[PDB]
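Just below is one structure, and these are the notes that go with it.
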Amino acid sequence: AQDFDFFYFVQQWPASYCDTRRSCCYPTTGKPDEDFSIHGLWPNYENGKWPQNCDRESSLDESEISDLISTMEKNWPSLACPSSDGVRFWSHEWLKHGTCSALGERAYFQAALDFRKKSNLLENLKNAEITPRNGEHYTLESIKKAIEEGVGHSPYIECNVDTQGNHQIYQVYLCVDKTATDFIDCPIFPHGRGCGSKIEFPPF
Ligand SMILES: Nc1nc2c(ncn2[C@@H]2O[C@H](COP(=O)(O)O)[C@@H](O)[C@H]2O)c(=O)[nH]1
Ligand SMILES: Nc1nc2c(ncn2[C@@H]2O[C@H](COP(=O)(O)O)[C@@H](O)[C@H]2O)c(=O)[nH]1
């Protein structure tokens, strides 16, 4: 029956996408909030492979999520250049991953928004006294533990490197069950050997 096993729910730390050697452009709506934003909700298999581009005939219909656009501009902004309203980013995510989710367009985007709010990363880190600042000031362990206490499941953290060589928290992966109802323990995690023991949680 069900075409896949679980979802990776991926969030990015905007400031870490914008302090690297690559180009970053603020959205048509201006500088994003200093908070974790959605990268994607990705159907996946327990074997590490995943389905993608399941219905190449299905394009993103904005009327279906009209009332959600202003919220998505702030919670799912595109930071790529050139600057955009996010729609291209959302259309691409819908076509590549959403069409493989078994969810209708609105349910897919509502699920991503709902899980970003539920995971409440910035606040869970704040409770643990982990707040944005420059330099590799935080242990990776404290970051994972803070998120885990708040979500009830352990995240996978992907790090990248800023312009000054600092290793920084870049993306956070959590797993959601195939019916997109709750967070679950991840059956598998990516293997992108990354994140030293001390990392940066950069401000904008
Ligand atoms: N479902 C799923 N998609 C992935 C995974 N790793 C890579 N991809 C997809 O491939 C893209 C990688 O782009 P690249 O960094 O290779 O230019 C991701 O944004 C995502 O759409 C994974 O573990 N699961
Ligand atoms: N990580 C990331 N990718 C973005 C952003 N804005 C647009 N993109 C684009 O979205 C692609 C990832 O989409 P996916 O492969 O998961 O469907 C990237 O290759 C990149 O070109 C952003 O803010 N962050």
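All of the numbers you see were taken from the coordinates with simple rules; none came from a lab. With ideal geometry, Cβ positions are generated from the backbone for all residues, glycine too; neighbour counts draw on all protein chains shown.
Charges at C-beta only: +1 for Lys and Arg, -1 for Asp and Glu. How large is the resulting dipole of the chain about its Cα centre, in Debye rounded to 20?
Values: 19 positive and 30 negative charges, 115 e Å.
Here the chain has a charge dipole of around 540 debye.
Below 8 Å between Cα atoms, with a sequence gap of 6+, how large is the relative contact order for region 57-152 in percent? Let's see the in-between values first.
Numbers: 52 pairs, mean separation 24.2, N = 96.
In percent, rounded to a whole number, it is 25.
I'd like the chymotrypsin sites (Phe, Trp or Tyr not before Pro) in region 24-90 restricted to DSSP loop residues with at most 15 other Cβ atoms within 10 Å, sorted by number.
Working: sites: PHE36, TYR45, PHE89, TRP90; in loops: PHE36, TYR45.
Sparse-neighbourhood loop chymotrypsin sites (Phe, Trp or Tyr not before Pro): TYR45.
Kindly flag which residue pairs out of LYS49/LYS144; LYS74/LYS178; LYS49/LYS96; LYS118/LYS178; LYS96/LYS145 have an alpha-carbon separation exceeding 20 Å in this structure. Before the final figure, lay out each step's value.
Details: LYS49/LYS144 25 Å; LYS74/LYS178 26 Å; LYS49/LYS96 14 Å; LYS118/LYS178 17 Å; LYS96/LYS145 32 Å.
Violating the 20 Å limit, Cα to Cα: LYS49/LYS144; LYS74/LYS178; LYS96/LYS145.
Just want to confirm a number: the relative contact order over the chain, from Cα pairs under 8 angstrom separated by 6+ residues, in percent. Mind showing how you got there, number by number?
On the way: 384 pairs, mean separation 56.7, N = 204.
This gives 28 percent for the chain.
Find, among the trypsin sites (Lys or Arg not before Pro) in region 42-121, those assigned to loop by DSSP (not H, G, I, E, B) with at most 11 other beta-carbon atoms within 10 angstrom. Could the numbers behind the result be given before it?
Details: sites: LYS49, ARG56, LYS74, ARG88, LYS96, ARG106, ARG116, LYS117, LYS118; in loops: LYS49, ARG56.
The qualifying sites are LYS49, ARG56.
Tell me, how many Å apart are the Cα centres for region 148-204 and for region 73-90?
21 Å
Where does the chain land at 222 nm, in deg cm²/dmol rounded to the nearest 500, when only DSSP H runs of n ≥ 4 count, each adding -39500 (n - 2.57), divided by all residues? Mind dumping the intermediate values first?
On the way: 6 runs with 55 residues, N = 204.
Computed ellipticity for the chain at 222 nm equals -7500 deg cm²/dmol.
Show me 175-182, 160-167 ranked by packing, highest mean number of other Cβ atoms within 10 Å first. Could the numbers behind the result be given before it?
Working: 175-182: 16.4, 160-167: 14.9.
The peptides rank, most packed first, as 175-182, 160-167.
Between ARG88 and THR131, what is the label-point separation in nm under the 7 Å Cα-to-beta-carbon projection?
Roughly 3.7 nm, to one decimal.
Normalized C-alpha radius of gyration of the chain, against 2.2 N^0.38 Å?
Numbers: Rg = 16.5 Å, N = 204, 2.2 N^0.38 = 16.6 Å.
Expressed relative to 2.2 N^0.38 Å, the Cα Rg reads 1.00.
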